[PDB]
Amino acid sequence: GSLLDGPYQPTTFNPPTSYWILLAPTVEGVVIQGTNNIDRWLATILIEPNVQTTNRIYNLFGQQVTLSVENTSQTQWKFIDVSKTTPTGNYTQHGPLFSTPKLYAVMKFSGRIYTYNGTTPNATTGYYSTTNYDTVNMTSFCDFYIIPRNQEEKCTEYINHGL
Ligand SMILES: CO[C@]1(C(=O)O)C[C@H](O)[C@@H](NC(=O)CO)[C@H]([C@H](O)[C@H](O)CO)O1
Ligand code: NA
């Protein structure tokens, strides 16, 4: 794919703005985490199908965090954005994406971190307003690709329909 740079291996990096980071995880757990080290700690976790409400432990920024999660779906995996605004506070859950292809994407743009949400094949975007957004450093725990924003409809197509 001429619009799909990669695959790249799990790494810690400061993504450039206006680029979608297309994530291709395999198992349940932490997909990606990122922070500005001031007032936003954001991660995305992945939940396999058929998970009744339960406490699960996730390794987030080097510590054990217990979260109450669920995936009702039988056919779709669930991405959940988790976010805290202070180093010592609680994570809250936002912008879930129920996904058949098992693909996710994040982007730093216009004061925000954008992710996908909703239900494939009709997924939309949401965002998290982030102080000094372009400073956000990210660790991907899975293989990933890069797509420019000017080709967002293509990133959206990948999110909805897979590679
Ligand atoms: C308070 O405003 C916002 C934000 O502009 O950040 C609005 C945004 O739509 C929302 N996104 C979503 O819920 C999902 O995409 C986001 C979020 O709830 C918080 O940032 C989490 O701390 O809050
Ligand atoms: Na999301």
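Residues numbered from 1 in each chain as written, not as in the entry; some residues may be left out. Chains lettered and ligands numbered in written order. Heavy atoms only, no water.

Listed as the method for this PDB entry is X-ray crystallography; the listed resolution is 2.20 Å.

The name given to the protein in the PDB entry is Outer capsid protein VP4, with the source organism recorded as Porcine rotavirus.

## Digging into the site of ligand 1
Close to ligand 1 lie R40, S83, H94, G95, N117, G126, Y127, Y128 and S129, which account for all nearby residues. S129 is positioned such that a nitrogen or oxygen atom in its side chain is 2.7 Å from an oxygen atom of ligand 1. In the complex, the protein chains occlude 59% of the 490 Å² of accessible area that ligand 1 would expose alone. The element contributing the most residues to the shell around ligand 1 is strand β12 (residues 124-129), with four residues. Grouping the amino acids of the shell around ligand 1 by side-chain chemistry returns two nonpolar, six polar and one charged. (Near = heavy atom within 4 Å. Polar contact = N/O pair within 3.5 Å; in protein donor to acceptor, adjacent residues only side chain to side chain. Areas by Shrake-Rupley, 256 points an atom, 1.4 Å probe, with all protein chains shown as cover. Helix = DSSP H or I, 4+ residues; strand = E, 2+ residues; numbered from the N terminus. Nonpolar A, V, L, I, M, F, W, Y, C, P; charged D, E, K, R; others polar.)

## Topic: the packing of aromatic side chains
In the structure shown here, the tally under the stated rule is six aromatic pairs. A centroid spacing of 5.4 Å and a plane angle of 35° characterise the contact between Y8 and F144, whose relative ring orientation is tilted. One end of the pair, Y8, is in strand β1 (residues 5-8); the other, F144, is in strand β14 (residues 144-148), with 136 residues separating them in the sequence. Residue classification places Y8 among the partly exposed residues on the basis of a relative accessible area of 36%. These aromatic residues form a ring-pair network of at least three members: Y8, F13 and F144. (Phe/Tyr/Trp six-rings, centres within 6.5 Å; stacked < 30°, edge-to-face > 60°. Buried < 20%, exposed > 50% of the residue type's maximum accessible area, 1.4 Å probe, protein only.)

## Topic: the UniProt feature "disulfide bond" in the protein
Only sulfur pairs under 2.5 Å apart are read as disulfides, and the UniProt pair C142 and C155, at 13 Å, is not one of them here. As for its placement among the helices and strands, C142 is situated in the loop between β13 (137-140) and β14. Mapped onto the elements of the fold, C155 is located in helix α1 (residues 152-161). (Disulfide = S-S within 2.5 Å. UniProt positions renumbered as here; feature names shortened; annotations may be inferred.)

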